[PDB]
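The chain below stands alone and is given in C-alpha cells; this is the form deposited without its partner chain.
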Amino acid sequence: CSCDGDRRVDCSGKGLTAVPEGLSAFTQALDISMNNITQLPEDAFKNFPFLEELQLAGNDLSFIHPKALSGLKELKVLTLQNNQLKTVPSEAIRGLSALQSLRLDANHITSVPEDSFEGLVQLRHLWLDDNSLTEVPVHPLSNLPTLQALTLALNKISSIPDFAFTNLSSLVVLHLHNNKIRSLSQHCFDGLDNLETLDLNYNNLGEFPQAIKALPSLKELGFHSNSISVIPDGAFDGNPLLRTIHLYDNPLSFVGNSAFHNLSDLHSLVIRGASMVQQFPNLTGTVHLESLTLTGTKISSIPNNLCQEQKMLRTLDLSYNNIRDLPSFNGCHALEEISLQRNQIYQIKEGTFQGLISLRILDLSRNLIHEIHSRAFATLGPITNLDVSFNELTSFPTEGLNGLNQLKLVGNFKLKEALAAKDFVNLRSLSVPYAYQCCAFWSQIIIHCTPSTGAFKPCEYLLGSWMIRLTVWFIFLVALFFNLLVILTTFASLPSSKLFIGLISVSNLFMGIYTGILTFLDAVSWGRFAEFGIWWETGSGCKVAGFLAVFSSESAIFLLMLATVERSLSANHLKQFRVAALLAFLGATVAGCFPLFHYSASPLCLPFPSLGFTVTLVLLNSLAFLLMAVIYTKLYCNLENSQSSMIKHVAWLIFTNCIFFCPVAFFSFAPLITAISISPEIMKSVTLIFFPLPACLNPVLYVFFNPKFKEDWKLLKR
C-alpha cells in the first residue's frame, strides 16, 4: 500500500489477503481500505489499543465473526464503504462505545437486527447510504441519542412510521436522496428539534410531507424531483427558520395562496408547471426573497405591492403565464431579471418600468403589446438584453435604450419603420422582423443582426452594380418598344401562326412592364433601399410586379407551347386555337395569382430564389420544353416557302427560349441538389438579366430574322 506520517496506518492499493500485522500500538489511524480481505479473525485489531481512525473501506467484507472487530474501545470513525455485509455486525459493534461516526454506507445491508447499534452513544455521523434497508432500523436507531448527521439515502425503505426518529435528539442532517419512501405519519418526524437540513429529493412521496411541522430549526428542505403535486395551504408554519426549498421538476399542479407566507429567511422561490394556480401567492412576511420563478402558471395580474414589500428582490421570472396588465415596478431597486414573456400583456405605460435602476435583463417576448409608451423605457438604466421579439408592436420607443447590449425584435411584422442607428449605439446583437432594418443599423460597433440580410434582400442597390442596372434597363426599353412595334404590327392589318407570333409579344410586353416597374423602383430608390424596400416587399407593389413577372413568363411559354403545336399542323384547326390561345392566357393568370394568393425572398418579386410554385413551375416549364422539343424534333422528320419561314422562326424561338429559361432554372432549381459553388449575388444577377432576356430578343428576332414582319410593316404603312 502507500502511507502517510500522522501516526496513521492507511494500507490502500495492495489487495492484502489478511489483517496487516506488526503494526504499532499508538497508530492514531488504522486504514486498510481498497484491498481484498473477506473476513476478520477474532480480535483482529487487538494489538492496537490506541485507535482513533479505523478505515476498512472497499475491502468487500462478507461475514464478520462475532468477536472479529472487537478490541477497539476508542476509535472515532469506523468506515466500511464498498462492502458486502448482509447484516450490520451488531454483535461486533456493541463495544463501539467511543465512536464518532459509523460509515456503514455503500454496503449490502438488507436488514438491521433488533439488537443493533447498542453502545453507540458518542457517535455523531451515521451513514447507511447506498444500501438496501427496507425500513428504518428504529430500535437500533433508538440507541443513538447524540447522533448528529444521519444519511439513510440510496436505500429501499418505503415509509417512515410513527415515533421513528424520537431518540435522535441531536440529529442535524437527514439525507434521503435517491430513496423510495412514499409515506410518513404525522408524528413520525417528532423529536428532531435540532434538525437543520432535511433531504427528501430524488424520491417518490406522492403527497406533501406535512409532518415537517415538528421541525422548527429546519433551514434546508430539499424534496425536489418528487411525486408531490399538491401544496397544502400553510405548509411551512412550523418552519419559520427555513431558508431554502428544493421542489423543482415536480408535478406541481396547485400551490396554496398562503402556503408561501411568513418565510422571513427564504432566499429563493422557483415554481415551474403550477397550471392550477390562478392568483399570485401571499408573499406577506417574505421580505427577503431574491427570485420568484413562477412559470407555467395561469396567474392573471401581478399585485401592485409586489416589491413595495420585496425590497431585496433580484429576479422576476413570470413566463408561461396569463399576465395581462403589468403593475408599477417602482421600488424594485435591486431587481435585474425581469422576464415577462409568453404572457398576454398588451401595453406598456410610462410608469410600468419606471424605477428600475438596476435592471439588466428584459425579456418581453411572445406577448401581445401593440403599443409601448415613448417614455416607458426613458427611466431605465443599464439594460443589456431587451428581447421584445414575436410581439404585435407597431412603434418601438427608443429613449433610454442606448446601452442595449443585445436586442431582439423579430416577429413584430407590423414594425414597418426602421429603427435608427443613433439611439442604439451600444448594440452588439440585433434581430428585426425585416432585414432592411439591420441594413440600416450597419464609428459603429460590431453588430450581429440575424435576419440574414444580403444580396437577395439588398440594402442599398437592388440590381447588383451599374452593369446589371443598365442591361435590365436596356431590356426594358427594347422589350417595351420592340413589342409595341410588333403589337401594332401584327394586330393592325390573322393567319394563326402569325397570330401566335403576335400573342407571344403581348405576354412578353407585360414582361417589359414588369422589368420597367423593376427598373423604375430601382431608379427612384437609388442610393438607398431600406426606406422603400419594406413598403415594397410587404406592400401591394410587390404583388403587382410579382403578378406580371410570372404571368409573362408562363404565358410566353404557354403560347409558345401552342405555337409549335400550331406549326406542327404541316405534318380546319384555326377555330380551336383562338380559344386555346385565350386558355393559355387564362391558364397563366391562375399561375400568376398563386403568389398573389395562399417573393419575400427578393424585392425582384419573382417566385424563383416555398417548395410549391417554384418546383411546380420549373418542372412544368422544363417539361414544357421537353415536349416542345420532341415535337419540333419531329417537324424535321422530313427527310417551299411562306411556311418554312415560319419553321425557322419558331425553331429559333425554341432555341433561344430553352437556353435562357434553362439557366434561370438550374439556378432556380435551387442548390437543393448541391449547394457548393454558389453566390447569392452573381447568381441573382444572372437570374435577373437572363430571366426577362428571352422576352427581349423575341421582338428583335421576329422583326429581324423572319420576312412576315417586312410583309406586315409594309402593310401598315402603305
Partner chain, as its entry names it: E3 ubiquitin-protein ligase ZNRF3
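Positions refer to the first chain, counted from 1. Here, rigid core means the biggest group of C-alpha atoms that superpose within 1.5 Å across both forms.
Omitted from view is the form solved in complex with its partner chain, to which the following refers.
- Not displayed here, its partner chain is kept clear of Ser253 by more than 4.5 Å at the level of heavy atoms in the deposited complex.
- Using a 4.5 angstroms limit between non-hydrogen atoms, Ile689 touches its partner chain in the deposited complex.
- Proximity of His448 to its partner chain in the deposited complex: non-hydrogen atoms within 4.5 Å are present.
- Its partner chain is not shown here, and in the deposited complex it never comes within 4.5 Å of any heavy atom of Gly15.
- The partner is absent here; in the deposited complex, the one residue of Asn262, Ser570, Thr293, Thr384 having a heavy atom within 4.5 Å of its partner chain is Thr384.
- Between the options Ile468, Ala530, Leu326, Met561, the residue in contact with its partner chain in the deposited complex by a heavy atom within 4.5 angstroms is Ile468.
- Relative to its partner chain in the deposited complex, residues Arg360, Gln406 and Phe705 are all within 4.5 Å by at least one heavy atom.
- Annotated contact segment (heavy atom within 4.5 Å of its partner chain in the deposited complex): 426 to 434, selected among 613 to 621, 498 to 506, 541 to 549, 426 to 434.
- In sequence order, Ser679, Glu681, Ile682, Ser685, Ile689, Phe704, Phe705 are the residues of 673 to 706 having a heavy atom within 4.5 Å of its partner chain in the deposited complex; the partner itself is omitted from this view.
- Here the rigid core is superposed between the shown form and the other one, and of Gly587, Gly285, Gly191, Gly71 the C-alpha of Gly71 is the only one to shift by 2 Å or more.
- Comparing the forms between the shown form and the other one on their rigid core, the Cα displacement of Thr17 stays under 2 Å.
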